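Letter by letter, the chains look like this.
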Amino acid sequence: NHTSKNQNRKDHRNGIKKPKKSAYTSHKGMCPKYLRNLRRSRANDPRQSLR
Amino acid sequence: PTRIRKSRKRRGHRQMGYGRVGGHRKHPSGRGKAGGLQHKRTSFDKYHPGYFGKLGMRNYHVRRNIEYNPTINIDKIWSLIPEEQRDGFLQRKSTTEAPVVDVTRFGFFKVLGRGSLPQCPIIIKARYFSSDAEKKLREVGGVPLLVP
Amino acid sequence: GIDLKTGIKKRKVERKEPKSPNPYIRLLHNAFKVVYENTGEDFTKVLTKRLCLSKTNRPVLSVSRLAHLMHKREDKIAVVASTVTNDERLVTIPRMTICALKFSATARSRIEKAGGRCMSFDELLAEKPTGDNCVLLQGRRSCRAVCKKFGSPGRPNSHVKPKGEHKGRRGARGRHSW
Amino acid sequence: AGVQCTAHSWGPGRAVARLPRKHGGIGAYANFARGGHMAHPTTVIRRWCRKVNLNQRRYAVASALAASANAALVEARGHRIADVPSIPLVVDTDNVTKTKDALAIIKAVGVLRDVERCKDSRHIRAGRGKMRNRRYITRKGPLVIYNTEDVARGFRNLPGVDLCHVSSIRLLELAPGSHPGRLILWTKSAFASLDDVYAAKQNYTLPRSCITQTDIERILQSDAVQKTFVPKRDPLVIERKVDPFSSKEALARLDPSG
Amino acid sequence: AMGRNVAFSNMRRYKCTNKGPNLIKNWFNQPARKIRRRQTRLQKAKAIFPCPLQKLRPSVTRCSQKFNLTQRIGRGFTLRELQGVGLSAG
Amino acid sequence: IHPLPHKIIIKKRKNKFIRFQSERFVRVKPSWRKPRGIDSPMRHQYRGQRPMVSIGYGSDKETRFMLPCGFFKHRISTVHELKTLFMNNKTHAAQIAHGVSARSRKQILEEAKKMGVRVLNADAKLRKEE
RNA sequence: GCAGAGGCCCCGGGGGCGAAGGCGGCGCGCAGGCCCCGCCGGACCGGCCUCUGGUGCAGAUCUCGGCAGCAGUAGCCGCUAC
RNA sequence: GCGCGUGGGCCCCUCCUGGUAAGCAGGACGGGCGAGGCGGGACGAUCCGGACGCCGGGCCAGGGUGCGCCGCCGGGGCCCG
RNA sequence: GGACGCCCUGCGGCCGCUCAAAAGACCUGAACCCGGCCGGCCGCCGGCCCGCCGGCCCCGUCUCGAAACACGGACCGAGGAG
């Protein structure tokens with residue numbers, strides 16, 4: 001009953017989809033200390049988006 | 001319009017769009033939302049979060065009229081004032097003749113602040129005022145008066 | 001027989017013409033297509049496509065957004081393929097030249113009260129088929145509630161609200177719930 | 001219907017198909033059985049009416065009156081309008097109570113040929129509708145819009161002609177057959193009241209005027225549009241392959257030294 | 001559609017569809033009802049030709065903090081109000 | 001009365017396609033129906049089966065709808081209609097409609113001779129008077 | 001392609017100078033199908049545009065009605081008989 | 001984004017487990033049939049070729065070329081198929 | 001709603017009559033099926049003058065797989081299911 005024949009042909013029908021650009025550069029799982037300091041550096045001089 | 005329908009086009013094909021190996025039979029997945037904790041758990045978990053269980057305190061009767069509290073943002077207060085009157089008010093300014101808008105009379109009980117009021121001073125009358133709303137109108141030189 | 005199923009990736013489908021029964025929209029599309037067939041200006045090809053799109057892919061742009069977007073350039077003529085709508089929040093409205101497919105009557109009145117003409121695409125073809133001093137603008141396409149319900153509400157990385165009342169605790173309160 | 005009888009499937013083993021059969025053994029109670037209920041019986045629960053927004057109804061009624069003005073729309077619909085002086089036909093007719101008086105009006109304003117197309121168009125219908133109290137069909141003719149001019153009695157028995165107070169123009173009348181363009185003989189009160197009737201509509205504002213294919217063609221031919229046009233690159237020459245090696249002139253195009 | 005993302009329907013199952021009291025109420029008599037009420041109204045008007053069909057009713061604040069601002073028509077004038085004008089109830 | 005010159009009319013299939021098993025049973029009428037069986041010899045298109053309807057059998061666009069005389073066909077049921085059909089028409093011919101009575105056909109033929117539009121069925125229903 | 005509905009069919013669509021229907025024969029269409037001719041028949045019927053649906057059958061131990069071959073076949077062998 | 005069918009599969013290779021072993025029972029890369037006409041393998045859903053609009057030429061795969069039954073001869077070796 | 005005459009042992013037949021028509025116990029009168037007379041030797045598809053060569057298993061249906069010693073199907077008409 002168990003069988004995986006035709007699984008690879010089915011996967012390669014239009015597959016090998018890459019993960020996505022947001023995934024490669026993300027703030028997920030990163031060191032919380034790194035994230036906090038990054039926000040302070042951004043919040044000054046040109047990068048600051050604060051009004 | 002029956003003529004322009006998928007079923008009419010599929011006449012002449014036997015199974016009528018329902019398959020050979022599996023055929024249209026009466027309720028072969030059960031009737032209604034049934035088996036959501038058993039056979040259909042996959043779908044109910046995937047698209048229906050919080051369907052099963054009890055989550056809150058119970059009010060045996062709910063009195064909608066008292067739980068009704070309509071709110072208006074600080075951005076639309078000037079919009080309520082008619083345009084002919086409003087256009088002169090902004091140029092004239094004037095502490096003595098500052099516009100009084102009873103948002104309660106328009107139909108809203110609490111003033112929240114989502115936007116920015118125009119600088120000409122305005123007196124708003126409402127049952128309640130959010131703290132940010134009180135601060136913004138106070139910055140525009142307006143008064144947050146209460147109404148009975 | 002030839003192997004055409006290796007490096008060929010199938011045929012995509014796109015809206016070549018509007019499906020709108022409105023003959024004036026259909027006429028403008030043919031006109032802006034005819035102009036771009038002659039002079040290949042990007043603005044004219046893009047307008048032809050935006051006229052073709054569906055209501056869902058043609059979101060409204062209010063006078064408030066147009067004011068912010070054209071703040072840098074008063075001279076440039078704004079172009080919106082969707083209807084323009086009034087902002088009751090924007091008590092004072094700038095002077096703008098806007099070619100829209102349709103204007104809400106309140107918006108048309110306010111823009112012209114501020115001294116700015118409410119142009120139409122028929123007027124745009126007559127004055128600037130080229131699009132000199134013209135900016136094409138679009139409404140936030142994902143403004144519809146339908147666009148925030150799309151997805152599977154229930155998987156951990158969802159950020160999508162459940163579709164319907166719900167009113168129970170399994171999954172509703174954390175991944176550890178369930 | 002078909003449920004009034006008592007039938008029970010005889011059952012397996014009797015060499016008969018398992019469909020409800022009566023005492024005698026007569027097939028009953030099935031869409032395929034003679035005397036059986038239809039598989040999905042028609043019911044009056046169906047939605048026989050479709051809702052329309054007021055604005056959309058008004059837009060249609062207005063564009064239908066507007067269609068009457070277009071000279072060709074009337075001729076396209078099938079009215080005979082060659083002798084008609086103007087469209088819209090505005091005729092000052094005082095109260096008319098006699099068909100002969102109305103006929104003279106219609107003859108003297110160019111509509112007799114349309115009335116005669118209707119009179120000489122009456123025939124028996126082509127279906128069970130003849131039997132179903134719909135035996136005779138005539139060709140549709142002018143619509144006289146009357147305001148306070150009591151011309152209704154005079155024009156009622158005229159063949160193919162219909163009457164409608166400016167208070168209630170009817171879109172099924174304005175466009176018979178969902179094809180707009182009906183000759184309308186306006187009484188003079190009806191025209192003078194049209195700006196009133198169409199303003200008494202709460203704050204309904206008439207749909208703003210648009211463009212036409214000719215007014216898109218004139219616009220297209222304008223000097224500015226033509227000036228923008230840049231001629232394209234000259235196209236490609238295809239020329240189906242013939243063997244180059246065989247002929248001296250043919251080989252010389254590709255190998256002149258050869 | 002077949003499963004996928006569908007909010008669950010809160011329409012109750014039809015009861016007494018084949019047998020029992022008629023739970024379907026059709027409205028094809030609605031236009032005829034309009035003519036009937038006008039005809040009854042016209043007949044009643046003639047019976048009291050000088051008198052208005054509707055009696056005077058009082059302005060009354062609509063109930064609840066939701067509609068407390070507006071006023072509607074009530075069943076009858078209070079005895080105190082009639083006393084203020086000087087009219088006995090009868 | 002004489003058609004414009006045109007190109008040779010080539011018909012890809014001379015004989016009408018007939019439905020599978022038409023010969024075996026009267027109930028199966030000759031009208032073509034697509035082969036639909038799971039194990040139909042016809043759907044498979046095995047050797048010795050009847051031919052299958054394909055767009056390929058299509059007539060050349062210029063010869064499609066053209067009748068053997070070289071003119072095409074536009075039916076006429078009245079004289080007014082015939083004047084409209086022939087107006088600016090050197091590529092068409094008119095078959096009088098079957099319904100048209102013997103009395104009316106005389107009017108159509110006499111007008112056609114003036115108009116110059118060919119009539120395919122000019123000899124139909126000709127038997128003097130009542 | 002069917003059956004109704006709203007229109008149109010440029011002097012107001014086709015019909016006892018023969019409608020629908022039936023039977024054979026052409027022609028057109030890749031085909032669904034259409035058209036015309038001859039004959040019967042004896043009063044109704046359409047083409048296009050818009051609308052509607054109880055809208056297309058080789059089967060379902062399908063329903064009902066007709067009826068074939070088997071087949072001038074099996075058989076008409078109780079009660080003594082004319 | 002919106003659905004549909006499907007969720008009994010089976011063969012040919014190649015490596016397998018297992019059973020003494022099968023047109024056996026389970027696995028896997030690929031392909032095939034399923035759902036692929038056509039030619040060949042006498043015959044065979046899967047083998048060898050070829051994977052299909054309707055056709056008129058030409059070319060020629062795989063398999064063959066006494067006669068059925070289209071199409072072959074030449075040379076060397078072998079010989080109670 | 002059938003004049004007459006002819007015959008018939010008689011039945012009944014025959015002519016014809018009435019009527020626009022037998023429409024004659026009844027409008028049209030299909031398919032199946034059958035009888036005469038005439039014409040052939042014959043299922044289909046293709047080539048051809050036309051009886052020769054070549055190719056053709058019985059459909060539907062479940063099924064991994066049906067010509068199957070799987071199942072349903074005498075024949076024809078009408079009705080018959082998103």
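As a numbering rule, every chain is indexed from 1 in the order its sequence is written, which need not reproduce the entry's residue numbers; residues that lack coordinates are not presented. All chains are assigned letters beginning with A, and all ligands numbers beginning with 1, in the order in which they are written. The chains in this view make up only part of a larger assembly, and the values are for that part alone. To get the side-chain values, take all heavy atoms of the structure and skip hydrogens and water.

Only DSSP runs of H or I covering at least 4 residues are called helices, and only runs of E covering at least 2 are called strands; the numbering of each starts at the N terminus. Looking only at helices and strands, chain F has 3 helices and 0 strands in total. Seen in sequence order, chain F has helices and strands lined up from the N terminus as α-α-α. Radius of gyration (C-alpha) of chain F: 21 Å, far over the 14 Å computed for a compact globule of 130 residues. To sort residues, take the accessible area from a 1.4 Å probe on protein chains only and compare it with the maximum for the residue type: under 20% means buried, over 50% means exposed, and anything in between is partly exposed. In chain F, which comprises 130 residues, the proportion classed as buried is 23%. Here, residues are in contact when the closest pair of their heavy atoms is within 4.5 Å. In chain F, the share of contacts with a sequence separation of at least 24, taken over all contacts with a separation of at least 6, comes to 47%. The charged-residue count follows a simple rule in which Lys and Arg add positive charge and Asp and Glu add negative charge, with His and chain termini not counted at all. Note on charges: their place is set at NZ of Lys, CZ of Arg, CG of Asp or CD of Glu. A gap of 10 Å separates the mean positions of the 31 positive and 10 negative side-chain charges of chain F. Our radius of gyration is a C-alpha quantity, and the globule rule it is checked against amounts to 2.2 Å times the number of residues to the power 0.38.

Residue and element names in this part refer to chain A. Using the residue numbers shown here, the UniProt feature "binding site: Mg(2+)" (unreviewed entry) corresponds to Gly 15. Inspection of the secondary structure assignment puts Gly 15 in the loop between α1 (7-11) and α2 (21-24). In this structure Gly 15 comes out as partly exposed when scored by relative accessible area, which is 28%. UniProt positions are given in the numbering used here, feature names are shortened, and annotations may be inferred rather than shown by experiment.

Contacts between chain C and chain B engage 19 residues on the former and 23 residues on the latter. Here the buried area means the combined drop in accessible surface, using a 1.4 Å probe, for two parts upon being joined, counting both sides. Across the interface of chain C and chain B, roughly 1,900 Å² is buried in total on both sides, 54% from carbon and sulfur atoms. Just to be clear on terms, a salt bridge is a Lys or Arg side-chain nitrogen sitting within 4 Å of an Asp or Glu carboxyl oxygen. The interface formed by chain C and chain B contains 1 salt bridge. Whenever two N or O atoms come within 3.5 Å, that pair is a polar contact, provided that in protein one can donate a hydrogen and the other can accept it, and provided that, for residues adjacent in sequence, both atoms are side-chain atoms. Summed over the shared surface of chain C and chain B, the result is 7 residue pairs in polar contact. Side-chain classes are defined by residue name, with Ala, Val, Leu, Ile, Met, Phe, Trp, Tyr, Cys and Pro counting as nonpolar, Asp, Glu, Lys and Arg as charged, and the others, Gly among them, as polar. Taken together, the residues of the side of chain C that touches chain B sort by class into 5 nonpolar, 5 polar and 9 charged.

Here the focus is the environment of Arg 36 of chain F. Tracing the chain through its elements places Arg 36 of chain F in the segment before α1 (41-44). Take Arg 36 of chain F: its relative accessible area is 40%, and that puts it in the partly exposed class. Each residue touching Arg 36 of chain F, except ones within four places of it in the same chain, is listed here: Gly 12, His 13 and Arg 20 of chain B. In terms of polar contacts, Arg 36 of chain F uses its side chain to reach the backbone carbonyl oxygen of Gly 12 of chain B, at 3.0 Å.

So, about the protein's contact with RNA strand I. Here a residue counts as near a molecule or strand whenever at least one of its heavy atoms sits within 4 Å of it. Near RNA strand I, the surroundings consist of 32 residues, among which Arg 11 of chain B, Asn 31 and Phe 32 of chain D together with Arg 13 and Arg 47 of chain F are the closest. The protein-proximal atoms of RNA strand I, defined as those within 4 Å of the protein, are 79% sugar or phosphate. Contact between RNA strand I and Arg 14 of chain B: a phosphate oxygen at 3.1 Å from a side-chain N or O atom of the residue. Of the residues that constitute the surface near RNA strand I, the class distribution is 11 nonpolar, 10 polar and 11 charged.

The parts lose accessible area when they come together, and the size of an interface is often stated as this lost area. Across the contact, 12 residues belong to chain B and 12 residues belong to chain E. With both sides pooled, the region where chain B packs onto chain E buries about 1,100 Å², and carbon together with sulfur makes up 59% of that total. Among the residues of chain B in contact with chain E, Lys 33, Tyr 47 and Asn 65 of chain B are the three that bury the most area, contributing 44% of the side total. Counting every contact that joins chain B to chain E gives 0 salt bridges. Across the chain B-chain E interface, the total number found is 4 residue pairs in polar contact.

Of all 6 pairs of chains sharing an interface, the pair with the highest contact count is chains B and C. The smallest C-alpha distance separating chain C from chain F is 18 Å, and no contact links them. Chain D makes no contact with chain F; the smallest distance between any of their C-alpha atoms is 14 Å.

Per the counting criterion, the structure on display carries 22 salt bridges over all chains. Measuring nitrogen to oxygen at the nearest pair gives 3.0 Å for the salt bridge that ties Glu 14 of chain C to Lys 49 of chain C. Of the two residues, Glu 14 of chain C is situated in the segment before α1 (23-38) and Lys 49 of chain C in helix α2 (residues 42-52); the sequence distance between them amounts to 35 residues. Close ionic contact of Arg 117 of chain D with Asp 114 of chain D constitutes a salt bridge, the shortest N to O distance being 2.9 Å. With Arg 117 of chain D and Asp 114 of chain D both in helix α4 (residues 112-119), this residue pair falls 3 residues apart, about one helical turn.

Turning our eyes to something else, we now look at the side chain of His 29 of chain C. Residues and elements named next belong to chain C. Inspection of the secondary structure puts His 29 in helix α1. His 29 sits in the buried class, given a relative accessible area of 1%. Here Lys 16 takes part through its backbone oxygen, which lies 3.3 Å from a polar atom of the side chain of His 29. The contact partners of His 29, leaving out residues within four places of it in the chain, are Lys 16, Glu 17, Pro 18, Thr 48, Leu 51 and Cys 52.

Moving on to a nonpolar patch on the surface. Residue and element names in this part refer to chain C. On the surface, a nonpolar cluster with roughly 350 Å² of combined accessible area is contributed by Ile 2, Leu 4 and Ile 8. Structurally, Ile 8 can be placed in the segment before α1. Taking the relative accessible area as the measure of exposure, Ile 8 reaches 58% and is therefore exposed. Each patch is built from residues that are more than 30% exposed by relative accessible area and take part in no salt bridge. Like charges join if they lie within 9 Å; nonpolar side chains (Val, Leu, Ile, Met, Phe, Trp, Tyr) join within 5 Å. Only the protein chains shown count as cover for residues, and all accessible areas are computed by the Shrake-Rupley method using a 1.4 Å probe.

Residue and element names in this part refer to chain C. The axes used here are C-alpha line fits, helices contributing only the stretch in contact, and every angle between their N-to-C directions lies in the interval 0 to 180 degrees. α2 packs onto α1 with a crossing angle of 160° between their chain directions and a minimal axis gap of 8 Å. By the angle between their axes, α1 is roughly antiparallel relative to α2. By crossing handedness, the relation of α1 to α2 is classed as left-handed. Residue-level contacts link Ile 25, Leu 28, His 29, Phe 32, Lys 33, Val 35 and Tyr 36 of α1 to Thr 44, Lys 45, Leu 47, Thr 48, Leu 51 and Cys 52 of α2. Roughly parallel here means an angle under 35 degrees, roughly antiparallel means over 145, roughly perpendicular means 65 to 115, and every remaining angle is called oblique. Take the far helix as your reference; a near helix turned counterclockwise from it by less than a right angle gives a left-handed crossing, and one turned clockwise gives a right-handed crossing.

With that out of the way, let us pick up the sheet that holds strand β2 (residues 100-102) of chain B. Residues and elements named next belong to chain B. Think of it this way: DSSP has to see at least two bridges between two strands before they count as a pair. Taken in spatial order, the 3 strands of this open sheet run β2-β4-β6, and their pairing is parallel. Lying at the two open borders of the sheet, with one neighbouring strand each, are β2 and β6 (143-146). Along the sheet, successive strands turn relative to each other by an average axial angle of 25°, direction set aside. Strand direction decides the pairing type here: strand β4 (residues 123-126) and β6, joined by 4 bridges, are parallel. Bridged to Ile 124 within β6 is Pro 144.

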